[PDB]
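Below: one protein chain in two forms, given as structure tokens, structure 1 then structure 2.
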Structure 1
């Protein structure tokens, strides 16, 4: 869960390499996108859509191993100074109608780095953020320019727990290189139901193991030597995906002059083809 990254790598959500720390637990890859305007004026509330796509259909093995729905998560890194707009600056449907969850700062202060703790279902394959751009005028520590924004989106349960242990939402290979003879898939009772195993590999060391509920079994007795590999199914159906982008904190002031200049140029050119070429009659006389 997003809350897990915060507690595990509290200082920063992304490794010096650029890969976000989610991939440590959600080792399956799937798409991810960040949609922000090329540029926004300073102190402007705008949109930032973090798409975490995947066709609603298909179920994952939940803790109990029964097929269930999908829940999404993410981590967004806006550039210095950006943070969500104050509840009152968020237009009606414009920004307030689209997406409404809770954006928790990775750590006290970082309002430009939000965890989308809330883990919506098939409703949030979209997830919209109404961020507010900084103002380098009221903040001399903020400047205009093009800056980077990062994303780490997820969906589908993790294959590893912050506890160090793995979930049942991943393949559970065998322990020994050898032929198993049976399926010790009994239930359990109450708040749990494991589906043990009775591996053989009697070859000197005759070991058996334990598979959890959820992942289906494919092969067993008679064969299935391998080498302590493929359990008999991979229930992992979702994963992490990153995407980066950039936005320009634009100074309308910069634009004006560039637009002003451009006009002087076009205008200064007009006079050129006009006078120069078109007024070529002199020798055009002889």
Structure 2
């Protein structure tokens, strides 16, 4: 959950390497995308689109075991100065495509760093940020230019709780090397099913492995599989992903002059060629 990034990594969701801390608990990797315009003018509302696709007609394991669907969520890192557009500066057309999203700032102040989710995946395969570009003209310390944008997006339950304990949307190795004896499956009048496996043989040993209700079983009975071995199966169909992009907080004048100069240049080119032609005609009289 985006807000767990917030609790576990207070100061920022992005490590010096660019990783983004969501990768710490959500260990699968599915693809993720951000689309903004190539350029925006100062002080202008624009649309930043996060994409977080997954096979919609697909289900994941629930915490107790069921088989519900998954939610999506992202952290979007806009450049300094940028922020979510004022409710009132958002045109109807766009308000409608944004939905009931709670853009939530990583920490007080950091309004350009946005957390969002969990939101139901069936509807929010793409999430639309109404963002309002800053104004170099009134904020002396925001400058025109190209800036990075960072995104981390996730769908599906993660693998590790902030407490630090494993979840159930992953696999469970084997406690130690040896042979398998019995596999029981308790069900505490509260704590749902929890198949229990036992090892042993060779150098003593009598350890046990208790595995939550949700993952499969791809183990049989009476086999000697060493310690740390895939005896669970991988339940997880979720995953987390990153994308980066850039946007140019562009100044109209820079463009307007650039145009004027391009026009001067073409004009000047024309004049040279027209000239060449004059010379060609003049040279023609020197042929004879």
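Positions refer to the first chain, counted from 1. Take the two forms, find the largest set of C-alpha atoms that superpose within 1.5 Å, and that set is the rigid core.
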With the rigid core superposed, which of 141, 210, 137, 206 has its C-alpha shift by 2 Å or more between structure 1 and structure 2? 206
Displaced residue check between structure 1 and structure 2: residue 99, CA, 2 Å or over, core reference: yes
Any chance the CA of residue 120 moves 2 angstroms or more between structure 1 and structure 2, core superposed? yes
Core superposed first: is there a CA shift of 2 Å or greater at residue 77 between structure 1 and structure 2? no
Give the C-alpha shift of residue 6 between structure 1 and structure 2, in Å, after superposing the two forms on their rigid core. 0.6
Once the two forms are overlaid on the core, the CA atom of residue 55 shifts between structure 1 and structure 2, in angstrom, by 1.7
How much does the C-alpha of residue 224 move between structure 1 and structure 2, in Å, when the core is lined up? 5.0
